[PDB]
Structure formats: C-alpha cells, structure tokens
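below: the sequence, then the experimentally determined structure.
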Amino acid sequence: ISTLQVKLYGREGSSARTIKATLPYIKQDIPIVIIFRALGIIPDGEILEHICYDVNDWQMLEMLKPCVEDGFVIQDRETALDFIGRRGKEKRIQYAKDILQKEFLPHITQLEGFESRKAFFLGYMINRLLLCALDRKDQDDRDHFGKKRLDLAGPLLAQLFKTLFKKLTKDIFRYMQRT
Amino acid sequence: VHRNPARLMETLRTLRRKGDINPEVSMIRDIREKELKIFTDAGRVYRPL
Amino acid sequence: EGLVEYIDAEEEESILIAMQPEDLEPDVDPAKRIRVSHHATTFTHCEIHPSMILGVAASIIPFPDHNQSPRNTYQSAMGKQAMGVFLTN
Amino acid sequence: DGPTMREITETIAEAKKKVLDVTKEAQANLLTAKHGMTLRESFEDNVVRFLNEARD
Amino acid sequence: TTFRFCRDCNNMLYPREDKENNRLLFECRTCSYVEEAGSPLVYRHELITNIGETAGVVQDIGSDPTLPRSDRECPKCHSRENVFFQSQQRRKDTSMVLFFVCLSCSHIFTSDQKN
Amino acid sequence: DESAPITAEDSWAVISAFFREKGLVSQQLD
Amino acid sequence: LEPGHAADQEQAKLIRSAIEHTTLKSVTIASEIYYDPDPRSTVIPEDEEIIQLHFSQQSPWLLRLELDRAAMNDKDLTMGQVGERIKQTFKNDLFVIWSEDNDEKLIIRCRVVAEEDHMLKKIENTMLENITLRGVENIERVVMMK
Amino acid sequence: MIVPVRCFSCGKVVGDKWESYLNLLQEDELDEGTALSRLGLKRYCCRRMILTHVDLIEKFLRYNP
Amino acid sequence: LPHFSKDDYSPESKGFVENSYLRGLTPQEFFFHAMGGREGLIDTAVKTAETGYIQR
DNA sequence: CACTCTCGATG
RNA sequence: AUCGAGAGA
Ligand SMILES: [Zn+2]
Ligand SMILES: [Zn+2]
Ligand SMILES: [Zn+2]
C-alpha cells in the first residue's frame, strides 16, 4: 500500500510554480521532468504530450514551462535514475530503477516491461492537478460515498488470515530448518 | 483510450444486463470528461433500480 | 432479463432517476402534499420505491415524512431499546 | 382553513416565481452584483431571502 | 501564446534577441537550432479567462441524461432540440450565463444579453 | 394484458421479489 | 463618519473609495510580453494611436497590461491613476504609456530603462501583487450600512 | 404469546373469543371488522385487544422440550 | 440528487420544502431535511462538548 | 481539550 | 482492579 503525491509548489502569485512528486522512501521531492526522463521519455514536448492532451491549450503548457526549467539539468535517463538514486556508485541507479517498478505506482504493474503506462498515468495526474489549478475543475469531494469502500467479514477475515497463515508458514519454516 | 465509446458502452451495459458481465460491476461513462471508468472493486455500496 | 440494475454512487453520477413510475406519463386534492412536476425527460432509471432510502430501524417509524428529522433519528435510536420477542426460541 | 392553505400555496408560488425571475435575470447576465460580493453570491442571497420571506 | 519546439531535439526552445537586426529568434539550448519567431507575443498571463466555459462539448453530449434541455431556438439552424449548462469554469466569480449546444448542428450559443 | 406499465403499488411486488431471495443480511453472507 | 457630514452618503462613498483596498491585479484582464523593437512604431495596430499621441535608451521588450472596463468603474479610478501609480512605484527605470479612458481599449505599455526576457516577468509579478492603487491594506472590502 | 384473557382498558373478557374469531375469519370468510363485531367487541379497545394480538404460542409449540 | 438535471438552482432542487409536517414531505425534501437535521445533531454534540470545555 | 449504568474479553 | 465496546441523560 503505497501513496504517491504530486505537489504543485508556489501558490497563486508566486513565480517558482514548479511541480514535484513524492516517491516511496525517497528523501526529497523530485521534479516531474526528471521522473519522465527516468521512465524513458527524455525530450520536452513528448513529456507535455504525455501531460497536455491538447496542443491548443497554451495555458497548461505555460504552467508546464517552469517544470521544464526545473528539469533542464538532467537531459538523459541514466542521470535521472542517478538523481533519484542520489536522493533515495552506479548501484543507486539500480536502486532507482527498482523504485520505479516495485514502488512507483504498483497498482498498474510491478513488472519490468511497463514504463509508458506509469508515464502516461503520471501525466494524467499532472493534467488533473493543473485542471484544478487553472480553475477549470474544482477540488475533489473527499466525502463522496462512491469513492469509499465498506470492508465486511470477507476482507477483514482475509487480512487476518493472511497474517496468521504467514505467521504459520514462518513457524513451519523454522521447524523445517530445525530438522 | 477508445474512439467511438458509445457502442462500447452500450455493448458493456447490454452484457451486464444479460448477465455476461457480473451485475455488481459498475460502469461509469463520463461524456464531457471523455472517460470510461469500470470498477470491479469490492466494497462498493450499490442498490437496485 | 435486464429489468433491474445494480448502481453504486459512482455510476449514479451519470444517470437520471425518476422518483415514481408516474413520472413517465404525459382539479387536485388540497389535502395531498405539493409535488413538483417532472421537468426532466431523459430518464434512464426509476426508483423502486423512495421509502427504501431508510434502514431497518427507521422503517418502523409511522409517517416519518411527517416528522422532524432528529425525531426520526431519536426513534431510530430508541427502537433498539424496546422490549418484545427478539426470537421465538 | 382551506382558503388559508390556498393563500399559503399561492404565496409559495409567487415566491418560486420570483426566484425563477431572478434566476432568468442572472442567466441573462443582467444581474448586477452587490458591492463586495459575487454575482452568484448576490443571487444566492436574493433567493435564500425570498424563500425565507416565503416561509415566514 | 502557442510556442513551438526544436525539429531535432523536440525540446522546448527559449526566446532570444537578435540585436543587430532587431528581431526575435527562438533558440534551442540542447543543440544549436535557431528559428525565426512567428509572433511577437511571447508571454500571456490571463487573470480573467473565457477558456473552459464551453469545455466538454463532444458529439456524444446529446446522450448525457444528466444535462437539462431548454425550449430555446438555435440561432443557426433554428432547432429547438438543445442541451445547456452553466460555465464549466469552476471559479468562485463566474457569471451564471447559460451555454446552449444545439443537437442538430452542434452550435454553441449563450443566453448572455450583454455580449 | 401483460405489457402495460407498472403502477406504484406493483413496486412492492418487486420489493417482495427482493428479500425473498436476498434476505436482510445479504452483504454479510455474500 | 465625521460629526459634520452624517447623512451625506455621497461622502461616505468617497471614504469607502479611500479605504477599501484595490490592487492592480484586481482590475487587470490580462498581461502580455511582446517584442516591440521600434519604440515609436508598435507592431500592434491598436497601440499606434497611443504612441502617436504620446509623442508631443529603452528596452525592445514590451509589457502590455489590459484592464477590465467594468472594474475601473467599480473601484472608480482612471487610467492616469494607475499609470502614475506604476510610475511612482518604478520611478525612472520603467517608461510607462497608456490610453485615455475615452478609448475602447484600456491598455498600459511598460519598458525597462543579457537574459532580459525572463527578467521582465518578475517585474509584472511585482506589478500584480505588490501594487496598491488605492485604499488601505488588509481592508478587503467596505460596505455602506446605515 | 397467547390471546390476553381480558381487555386491558375496560376489562371485558376476550380470551374466550380468539378461536371464535379465527373461525369467523376462515369458516365464514368474514373480514376482521365484522368478525370483531359479531363477537360483541364494540368498543375499539377490545376490538384492538383481539385484532392487534399476535398468537406467538403457536410457534412456541413447534419445539419438542 | 440523481433525480434532478445538472445546474439546477431551483428552490426544490437546493432543498426548499414547500410542504408542511401536516401535509407530508416528498422524498427529496425528506432527504434534504435529513441533511439539515444531521448537521443540527452534529453541531449540537460539538456545541455541548466545546461548551463543556469552555465552562471548565 | 470536553455523570452514569452496563455488557466481555484480558492479566 | 487494568485496557476496548454498547448505551443512558
Ligand atoms: Zn534542438
Ligand atoms: Zn442548430
Ligand atoms: Zn375494552
């Protein structure tokens, strides 16, 4: 159960309106351009293509300019993963390249043959965020019952039994290694 | 994504109403937002209509 | 037979529900309650029955639509404290 | 009494009619907002006040 | 605004001034690409916008049961079959002007009587 | 006939079709 | 109000106009940054008359403000007030022109007196936030209640 | 439980009229009102006393102990 | 409610109850009045709590 | 930060 | 007696 947050720094009036993200047990927040370049999408525009699904929308792109200004330092994949790894010698890349598979958006895939999925999805989140920031769509209703779940006997007993059975198979592992 | 979503939505809805798709599965077609969200998630509170 | 459908709130967002089946039809009683005529046409669903918005405890309340809501709440609370046959055995 | 209920109903009626008029006015972009608040807030204030006056 | 990109890098190109000829040139800082500017307009900040008002208007909008239908006549093809909605721009200070979409010629026309 | 539209009283026949199959504690059992 | 003028609401309106805060951002439709090389001849055909009348060393980069005609009536202030406010704010390092109120386009033109293009933006930023046209700060709104 | 022997409010005996009531409902196929009338239950307290009663003992007898 | 069309600012849509307790409330009116009453109970418990602290 | 009865599993 | 839960005003 991981929680990804995409933060928009700089309120209405500030000039440093950059967009960063929070990755699982990684020290500091990472600029979104660095994330996209770490996923394989290196040049600009293509990132904006992954974010802004309408080239006519000049406002959204205008809002995306300082993000490009932010991630202008990193211009390739290797140094992007190197950046994330520096946060968290080449081992760090393999650390980084792991976080983008096992920890960064696990609900789509935890495999290794999927990078465009998480990239497009991240771009979708950016799109929603900016749509909310441009006053085109208001804040999400956190009291909406449709976006809530009721765990009954099933799921509860499922969690509990997963715990107890994992403890059991662990104990059995111990009795096994005892022999 | 998916172009011509109306046919897809009518097909899905027909499948659910026939039984081929589990009646508890929710299918939300957002026209103006151009999205199609299908939830097979458990714990969703629904009601007959 | 596709006569009834299961709808959660999320899908409920995208539909138009008729309150009563008499809202599909194209000098009055002053006693009866005032009901706004259907200004909506494109119905996709109709309520089985509005009284199904209530739970088990509030379904015991006679004429809850003639009460102040906190009284319905209070009655809903006190219904679980009434005596009587809880089980035959 | 009957006539009293009729007057009540017609009162709520003219109230809803007033709200309808204000709504149609606001939608026609002719609703001039009160100083220090939104056109929408002015509309809300007017409607709420009308319905309250109706109940009273 | 509508800015462009490089033909080789596809990276965003930043504006730069040609001094000796007094003209605007978009240059790329990833390679060496420099093109001429199409418009002198470089930056635009819009505090009061109209973009987003008529948003969400798709051809399938006629099949949205949640949308109300008025008795208005389309100013174009004179069809009384239409679907309206308030400004989709979720802002605290928007007008309550109605936006109508004709279900015959897909024409967008408002109820605004001032503009 | 049998193609006529439902009234409002025939609704409780459908509600009776419900509960007769589902019961009152359906979510628990399911 | 003053012990003298009590029933004179016409003065109360003046006091309200002198107390209620008013920022430049609160009356601005939009802002643009053009590249206008020749100061005495603007690319935009709408600002030709403006530079024609303001005739009777600079920067090629132009900062062009477009104001709200209806908002100028609500706050009850002229183009001269705004222009002279900006002028008094930036003094000598900002050449400022504007169109009279009688025109149908309330426009303000500003020029600075390498890397200059992304240096004017900050300026316009400070022109939107840190600028008080009239009234007192914090005083967000004022209502005449009798 | 079982049909109350006497009416709470007034005191009229009604415990001898339950079977007769059931018969009047099933044998003569009468409605509850007329059945209650023929049993001499004019006051609506006794009328209630029989009409409102639920004979739960008939289910209680389904157990063997 | 899913029984109304979108952008419906009419009185009956935003929770106006024309009917009286004698006449009986419609489903929509019932639910809206239930929302109001709910807010009532909530801020009642909140009130007795915060007052309970203030007094101490 | 804001008096009771009670139940029912725990040391 | 020590911790959670229901409920009374
Ligand atoms: Zn390039
Ligand atoms: Zn038309
Ligand atoms: Zn009696």
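Received the coordinates, thanks. Residues are numbered from 1 along each chain as shown, chains lettered A, B, ... in the order given. Ligands and ions are numbered 1, 2, ... in the order given.

got phi/psi on residue G:35?
When read as degrees, to the nearest 10, the backbone of residue G:35 gives phi -110, psi 90.

quick one: neighbours of it, just the number.
21 (other CB atoms under 10 Å in any protein chain shown). The way it works is simple: take the backbone N, C-alpha and C, and place the C-beta from them, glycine included.

so which residues on chain E come close to chain C?
Within chain E, the positions adjacent to chain C are E:64-66, E:68-69 by CB under 8 Å from any CB of the partner chain.

closest to ligand 1 out of the residues you listed?
Ranked by distance to ligand 1 (CB to the ion), those are led by residue E:64 at 43.8 Å.

that closest one touches residue B:32, doesn't it?
Yes - counting by CB atoms under 8 Å, residue E:64 touches residue B:32, with 7.0 Å between them.

so what's the residue count around the residue in chain C that DNA strand J sits nearest to?
Nearest residue of chain C to DNA strand J (CB to the nearest atom of the strand) works out as residue C:81 at 11.4 Å. Residue C:81: 6 surrounding residues under other CB under 10 Å.

now residue G:115
Neighbour count of residue G:115, defined by other CB under 10 Å: 7.

check residue H:45 too.
Neighbour tally, residue H:45, other CB under 10 Å: 15.

tell me the two of the residues of chain E next to chain C that are most distant?
E:66 and E:69 (11.2 Å; CB to CB).

list the contacts for the residue in chain C that chain A sits nearest to?
Residue nearest to chain A within chain C (CB to the nearest CB): residue C:9, separated by 3.2 Å. Residues counted as contacts of residue C:9 (CB atoms under 8 Å, 6 or more residues apart in numbering or on different chains) are A:144-146, B:45.

switch the cut-off to 6 Å
Going by CB atoms under 6 Å, 6 or more residues apart in numbering or on different chains, residue C:9 touches A:145-146.

any idea whether residue 3 is helix, strand or coil?
I went with chain A, as the question did not name one. When classified by DSSP: H, G, I helix; E, B strand; the rest coil, residue A:3 comes out as coil.

okay, strands next: where are they in the chain?
Just going to use chain A. Using DSSP state E, the strands found in chain A span residues A:5-8, A:19-22, A:30-31.

in which helix or strand does the residue nearest to the spatial centre of chain E reside?
Closest residue to the average C-alpha location of chain E: residue E:51 at 5.0 Å, with CA atoms, centre = their mean. Residue E:51 belongs to no helix or strand when assigned by DSSP states H and E.

please name the nearest non-neighbouring residue to residue F:23.
In this structure, residue F:23 finds its nearest non-sequential neighbour in residue F:29, 7.2 Å apart by CB to CB, 6 or more residues apart in numbering or on different chains.

wait, residue A:9
Closest residue to residue A:9 apart from its sequence neighbours, by CB to CB, 6+ apart: residue A:18 at 4.9 Å.

my read is that that neighbour contacts residue A:66, right?
Yes - using CB atoms under 6 Å, residue A:18 is in contact with residue A:66, at 5.4 Å.

which one in chain E is furthest away from the centre?
Residue farthest from the centre of chain E, counting by CA atoms, centre = their mean, is residue E:20 at 36.5 Å.

wait, what's in contact with that residue?
Shown in contact with residue E:20 (CB under 6 Å, 6+ apart): no residues.

that's a helix at it, yeah?
No - counting by three-state DSSP, residue E:20 is not part of a helix but coil.

ok, so what distance separates it from RNA strand K?
To RNA strand K, residue E:20 is 78 Å away according to CB to the nearest atom of the strand, to the nearest Å.

from chain F, how far out is that residue?
As judged by CB to the nearest CB, to the nearest Å, residue E:20 and chain F stand 79 Å apart.

now chain G against chain C: closest residue?
Closest point on chain G to chain C, by CB to the nearest CB, is residue G:70, at 33.8 Å.

ditto for chain B
Going by CB to the nearest CB, chain C is nearest to residue B:17 of chain B, at 3.4 Å.

what sits up against the helix or strand hosting that residue?
Assigned by DSSP H and E, residue B:17 falls within helix B:5-18. The contact list for helix B:5-18 (CB under 6 Å, 6+ apart) reads B:2, B:21, B:23, B:27, B:29, B:36, C:2, E:60.

so what angle separates the directions of the next helix or strand after that helix and helix B:5-18?
As assigned by DSSP H and E, the chain's next helix or strand after helix B:5-18 is strand B:26-30. Counting by axes from the mean of the first three to the mean of the last three CA atoms, to 10 degrees, strand B:26-30 lies at 160 degrees to helix B:5-18.

CA-only coordinates of strand B:26-30 in CSV, if you can.
This file holds the C-alpha atoms of strand B:26-30, laid out as CSV (Å, rounded to 0.1, in the frame of the first residue of the first chain):
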residue,chain,number,x,y,z
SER,B,26,-20.0,-0.7,-12.0
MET,B,27,-19.6,1.1,-15.4
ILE,B,28,-19.3,4.9,-15.5
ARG,B,29,-19.3,6.7,-18.8
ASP,B,30,-18.2,10.4,-18.4
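
so what's the backbone phi/psi at the nearest residue to residue E:70 once chain neighbours are set aside?
The spatially closest residue to residue E:70, leaving aside those adjacent along the chain, is residue E:84, at 5.3 Å (CB to CB, 6+ apart). According to degrees, to the nearest 10, the main-chain angles of residue E:84 amount to phi -110, psi 170.
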